[PDB]
Amino acid sequence: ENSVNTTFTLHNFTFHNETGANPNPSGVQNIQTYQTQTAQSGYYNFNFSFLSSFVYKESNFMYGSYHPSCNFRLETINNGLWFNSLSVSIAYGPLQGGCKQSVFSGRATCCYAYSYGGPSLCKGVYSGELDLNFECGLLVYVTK
Amino acid sequence: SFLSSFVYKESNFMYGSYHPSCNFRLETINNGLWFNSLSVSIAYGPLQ
Amino acid sequence: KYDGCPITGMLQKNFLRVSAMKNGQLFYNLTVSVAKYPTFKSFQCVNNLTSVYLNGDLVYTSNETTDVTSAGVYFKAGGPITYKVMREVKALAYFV
Ligand SMILES: *[C@@H]1O[C@H](CO)[C@@H](O[C@@H]2O[C@H](CO)[C@@H](O[C@@H]3O[C@H](CO)[C@@H](O)[C@H](O)[C@H]3NC(C)=O)[C@H](O)[C@H]2NC(C)=O)[C@H](O)[C@H]1NC(C)=O
Ligand SMILES: *[C@@H]1O[C@H](CO)[C@@H](O[C@@H]2O[C@H](CO)[C@@H](O)[C@H](O)[C@H]2NC(C)=O)[C@H](O)[C@H]1NC(C)=O
Ligand SMILES: *[C@@H]1O[C@H](CO)[C@@H](O)[C@H](O)[C@H]1NC(C)=O
Ligand SMILES: *[C@@H]1O[C@H](CO)[C@@H](O)[C@H](O)[C@H]1NC(C)=O
Ligand SMILES: *[C@@H]1O[C@H](CO)[C@@H](O)[C@H](O)[C@H]1NC(C)=O
Ligand SMILES: *[C@@H]1O[C@H](CO)[C@@H](O)[C@H](O)[C@H]1NC(C)=O
């Protein structure tokens with residue numbers, strides 16, 4: 001039950017790949033979330049149309065996702081869960097050090113790392129290794 | 001300096017690494033280990 | 001009700017207004033009843049996750065991570081109220 005005088009209507013949060021901007025410069029604060037949404041009260045669902053030709057990158061020593069501390073995978077949010085505060089956002093950063101740097105010194109509890117066929121001119125973020133060129137797969141954030 | 005755009009290939013039935021008998025991964029040698037004799041070398045062969 | 005806000009009720013069994021407010025406008029009106037919140041016991045404002053706590057549970061979260069800059073309570077009479085700041089530790093609670 002909500003406060004008073006409510007018809008329980010779930011909100012529909014949508015996403016779409018847009019004509020994005022340039023990949024990021026050298027700073028890990030210099031990656032910009034090119035979407036933002038938030039959860040306030042009641043019910044929600046998340047229309048993810050990002051299974052279309054986007055492979056999932058399995059986590060390992062440096063690159064990939066950092067789904068520890070959030071056991072669910074991104075295509076299983078829509079089942080019955082219980083959160084306390086929720087906000088997801090997409091961001092087009094580098095791939096080898098996106099999540100392993102953007103969880104500790106960053107702004108999310110855990111993040112995922114999808115990939116696609118991207119141009120290999122992407123300035124990665126890490127202490128001392130920020131002078132190379134990497135891939136650019138889209139990485140979603142989730143603040144559980 | 002071979003993390004630059006070089007993916008790691010997970011071991012399976014034929015291709016990939018054969019890291020059994022050496023539990024460490026290549027980016028974790030620099031922590032405190034103890035060997036008895038050690039020699040590494042790179043070689044550009046096939047993959048499968 | 002006296003004249004001021006559009007609620008029009010002078011009794012108990014009415015509701016409350018936990019509402020956030022930016023510089024010019026208002027949003028997030030939720031109206032919890034005086035039921036389930038019988039008596040004002042405590043009121044916190046926590047740094048991380050920027051969440052605010054009328055006694056016990058949540059009433060409002062948002063995105064940012066912003067520290068508290070001020071607080072204040074109006075009341076005519078009653079018990080002498082207590083202000084206190086705190087740090088973060090681990091604890092465990094027996095509850096039946
Ligand atoms: C999902 O969104 C991605 C983010 O926009 C898209 O990736 C973009 O593709 C563009 C076309 O290949 C790239 O533009 C080129 O970028 C290079 C720099 O790497 C420039 O030199 C080129 O001039 C420029 N081409 C132009 C201006 O015509 C974007 O840089 C690139 N964005 C990235 C990698 O972050 C995906 O294509 C898109 N996928 C879809 C729609 O399926
Ligand atoms: C929360 O409640 C207040 C009630 O005061 C709403 O304020 C009204 O806002 C609209 C649009 O800005 C004005 O046209 C009305 O005149 C306001 N009512 C007043 C001043 O009594 C406010 O919009 C509500 N917040 C929501 C719905 O998000
Ligand atoms: C979108 O939300 C409305 C209520 O706001 C709901 O009626 C509708 O079914 C939703 N659309 C879906 C679930 O595709
Ligand atoms: C998600 O949105 C697309 C349009 O962008 C729509 O075609 C699709 O049905 C939606 N999926 C849902 C509601 O599950
Ligand atoms: C509480 O705030 C501190 C501030 O440094 C932060 O380090 C910690 O992760 C926060 N705890 C949470 C989010 O559970
Ligand atoms: C946090 O979420 C709000 C919700 O709209 C957004 O306006 C704000 O830019 C977000 N903060 C970021 C992305 O740092």
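Scroll up to find the structure this text is about.
Student: So what's going on with the interface of chain C and chain A? Which residues, and what values?
Tutor: Contacts between the two partners involve eight residues from chain C, matched on the other side by eight residues from chain A. Summed over both partners, the interface of chain C with chain A comes to about 690 Å²; 46% of that surface belongs to carbon and sulfur atoms. Remark: the boundary between chain C and chain A carries zero salt bridges. Inspection of the chain C/chain A interface yields one residue pair in polar contact. Grouping the constituent residues of the side of chain C that touches chain A by class yields five nonpolar, three polar and no charged.

Student: Describe unusual backbone geometry, and please don't skip the residues or the numbers.
Tutor: Residues and elements named next belong to chain C. With phi around 65°, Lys-13 is a residue other than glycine that occupies positive phi space. Relative to the elements of secondary structure, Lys-13 occurs in the segment before β1 (18-21). Despite not being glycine, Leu-49 shows a phi value in the positive range, around 85°. Mapping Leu-49 onto the fold places it in the loop between β3 (43-45) and β4 (52-54).

Student: Before we move on, can you summarise the interface of chain B and chain A with the specific residues and values?
Tutor: Taken residue by residue, the interface counts eight residues in chain B and nine residues in chain A. Buried surface at the junction of chain B and chain A, both sides included, amounts to about 670 Å², of which 60% is carbon and sulfur. Interface area lost by chain B to chain A is led by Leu-3, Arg-25 and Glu-27 of chain B, which between them contribute 57%. At the junction of chain B and chain A, the tally comes to zero salt bridges. In terms of residue class, the side of chain B that touches chain A is made up of three nonpolar, three polar and two charged.

Student: Break down the site of ligand 6 for me, citing the residues and quoting the values.
Tutor: Taken together, the residues surrounding ligand 6 are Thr-33 and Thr-36 of chain A together with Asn-63 of chain C. Residue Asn-63 of chain C places a side-chain N or O atom 2.4 Å away from an oxygen atom belonging to ligand 6. For ligand 6, whose accessible area on its own is 360 Å², the fraction buried by protein is 40%.

Student: Got a sec to walk through the site of ligand 1? Specific residues and values, please.
Tutor: Residues and elements named next belong to chain A. Taken together, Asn-17, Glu-18, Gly-20, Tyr-92, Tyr-116 and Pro-119 make up the full set of residues near ligand 1. Measuring from an oxygen atom of ligand 1, one finds a side-chain N or O atom of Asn-17 at 2.4 Å. With respect to ligand 1, the backbone of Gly-20 contributes an N or O atom lying 3.0 Å from an oxygen atom. Alone, ligand 1 offers 810 Å² of accessible surface; in the complex the protein occludes 43% of this. When its residues are assigned to classes, the shell around ligand 1 shows three nonpolar, two polar and one charged.

Student: Tell me about the nonpolar core, and please be specific about residues and values.
Tutor: Membership of the largest hydrophobic core comes to 21 residues, with the highest contact counts inside it found for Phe-46, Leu-74, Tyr-112 and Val-142 of chain A. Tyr-28, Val-32, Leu-54 and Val-59 of chain C belong to the second largest nonpolar core, which has 10 residues in total.

Cut-offs used in this document
Residues numbered from 1 in each chain as written, not as in the entry; some residues may be left out. Chains lettered and ligands numbered in written order. Part of a larger assembly, values for the part shown. Heavy atoms only, no water. Contact = heavy atoms within 4.5 Å. Buried area = accessible area lost by both parts, 1.4 Å probe. Salt bridge = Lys/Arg side-chain N within 4 Å of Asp/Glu carboxyl O. Polar contact = N/O pair within 3.5 Å; in protein donor to acceptor, adjacent residues only side chain to side chain. Nonpolar A, V, L, I, M, F, W, Y, C, P; charged D, E, K, R; others polar. Helix = DSSP H or I, 4+ residues; strand = E, 2+ residues; numbered from the N terminus. Near = heavy atom within 4 Å. Areas by Shrake-Rupley, 256 points an atom, 1.4 Å probe, with all protein chains shown as cover. Core = buried A, V, L, I, M, F, W, Y, C linked by side-chain atoms within 4.5 Å. Buried < 20%, exposed > 50% of the residue type's maximum accessible area, 1.4 Å probe, protein only.

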